[PDB]
There are 2 protein chains.
Amino acid sequence: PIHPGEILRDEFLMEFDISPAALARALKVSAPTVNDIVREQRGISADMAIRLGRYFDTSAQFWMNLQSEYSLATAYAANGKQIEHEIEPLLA
Amino acid sequence: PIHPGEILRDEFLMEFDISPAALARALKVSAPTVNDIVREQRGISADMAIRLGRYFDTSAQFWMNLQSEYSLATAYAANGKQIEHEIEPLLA
DNA sequence: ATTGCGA
DNA sequence: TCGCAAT
C-alpha cells in the first residue's frame with residue numbers, strides 16, 4: 001500500500017525541485033501540514049486534495065483515491081481478519 | 001452529491017427490510033453508528049466500509065468511493081472558490 | 001480517542 | 001511539542 005505522501009514527494013516535489021516549505025507557501029497552508037504528509041504521518045484531507053490538484057494541475061479525485069485506497073488497505077491489515085471473524089455475510 | 005447513508009438506507013436497509021438497529025447488531029457496532037450514517041450526519045470510515053462490504057456482499061472500496069466523492073464535493077462546495085482564488089496553478 | 005491543523 | 005477543532 002502506497003502512502004499518498006510518497007507520490008507527493010517522489011512524483012511532484014522531487015520532480016519539480018520544490019521543497020515542502022515552498023509547497024506549503026504556494027498552497028497557503030502551514031509547513032507541518034506538507035511535511036507531515038511527505039513523512040507519511042498524515043493522510044490527505046479533502047481540502048488538501050483540492051489544493052494539490054489545483055497547484056499541480058492534477059485531478060483532485062486522484063489524491064482522494066490514493067488516500068482512500070491506502071486507508072482501506074491499512075484498516076484491512078489491522079482489522080480485516082477480526083471483522084471477517086465476527087461478521088457473517090448476509091448470504092447464509 | 002449523494003451521502004453514502006442515502007445509498008445504505010435506500011439500496012440496502014429498505015431493500016432487505018433491515019433496521020439500523022438490526023444492522024448494527026450484525027456489524028458488531030453501536031446503533032448510533034449506523035443511525036448517524038443513515039441520517040447523513042456521519043461519514044463512512046474505512047472500518048465501516050469493510051464491515052458493510054463484508055455483511056452486504058459488496059466491494060469495500062465501493063463504500064470508500066461513495067464517501068470520498070461526497071467528501072470532495074462537500075469540501076469543494078464550501079471552499080473551492082476561495083482555494084482557487086488563493087492558489088495560482090504551477091503552469092505559468 | 002484519533003486525526004488534521006496552525007502556532 | 002503543544003493546543004484547538006472536527007470527527
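Naming convention: chains lettered A, B, ... in sequence-line order (proteins, then strands); numbering from 1 in each chain.
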Review point. Is there a donor-acceptor contact under 3.5 Å linking the side chains of A:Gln67 and B:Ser68?
Key: no

Do B:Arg42 side-chain atoms and B:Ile37 backbone N/O form a donor-acceptor pair below 3.5 Å? no

Residues 77-92 of chain A vs salt bridge (charged side-chain N to carboxylate O under 4.0 Å, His left out), sequence neighbours excluded, gives A:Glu86-B:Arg51

Ring centers of B:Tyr55, B:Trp63 separated by less than 6.0 Å: no

Check your understanding: Between B:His3 and B:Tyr70, what is the ring plane arrangement, given parallel below 30°, perpendicular above 60°, and tilted in between?
Key -> perpendicular

Report, one pair per line, the protein and nucleotides 4-7 of chain D atoms (nitrogen or oxygen only) whose separation is under 3.5 Å.
none

- Message: What I want to find out is whether B:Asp36 reaches B:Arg39 closely enough, with some N-O distance under 4.0 Å, to be called a salt bridge.
- Response: no

Closest non-hydrogen atoms of B:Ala46 and B:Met64, given as atom of the first, atom of the second and distance, are CA-SD, 3.6 Å

Scoring nucleotides 1-7 of chain C by protein non-hydrogen atoms under 4.0 Å (B base, S sugar-phosphate only, - none) yields ---SBB-

